[PDB]
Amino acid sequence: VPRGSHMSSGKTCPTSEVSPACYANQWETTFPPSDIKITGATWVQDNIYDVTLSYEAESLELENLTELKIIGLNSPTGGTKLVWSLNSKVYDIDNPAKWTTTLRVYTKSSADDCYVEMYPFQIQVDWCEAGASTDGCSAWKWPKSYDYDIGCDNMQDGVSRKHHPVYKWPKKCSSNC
């Protein structure tokens, strides 16, 4: 089957087992609606996994986008993952409203220790500045800059200060545990 390392389908998680690490009766609902989630995971080694993050959110157009980045990431490759940046010359999405990126992440054991989960992080969005097109920006009914907070915080009574949970998946991406 594979002709080297890091090409093995056998370290890939069942997608049915990649799911929210927590649930809440109330999440933060500031800023445009979004759906932010992990859709796939692959075990690298130890507590390190490669994952696919999927982002969908009400947006302006690519031309209006100044910067779009994941920050606060607990990762062996560092805490920032820019997917678009006019300043830093990163051009890795086609549409701010719907995109995916891959992240290499550290994990911790979940409350069910058949699973692991990633650590909290933020997605920062910046529109309409610093060289971006201003076309449509006056009509935008939301702030030009904002953060989505991702995490399973220490809730009381099911009330979270985060917009969305972090995700969990089976330890080692095993199908059976």
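When you see a residue number, it is the position in the sequence shown, counting from 1.
Checklist entry - Of the two stretches 156-164 and 11-19, which shows the higher Cα B-factor on average in the entry? => result Here the higher of the two C-alpha B-factor means belongs to 11-19.
Item to check | Given 132-140 and 39-47, the range whose Cα B-factors average higher in the PDB entry | outcome: Higher of the two, by average CA B-factor, is 132-140.
Item to check | 66, 29, 54, 122, ranked by C-alpha B-factor: the highest one | outcome: When the deposited C-alpha B-factors of 66, 29, 54, 122 are compared, 29 is largest.
Next on the checklist: Between 113, 61, 117, 58, which one tops the list for Cα B-factor in this entry?
Outcome noted: Largest recorded C-alpha B-factor: 113.
Item to check | Cα B factor band for residue 76 (lowest, middle or highest third within the chain) | outcome: Top third by C-alpha B-factor.
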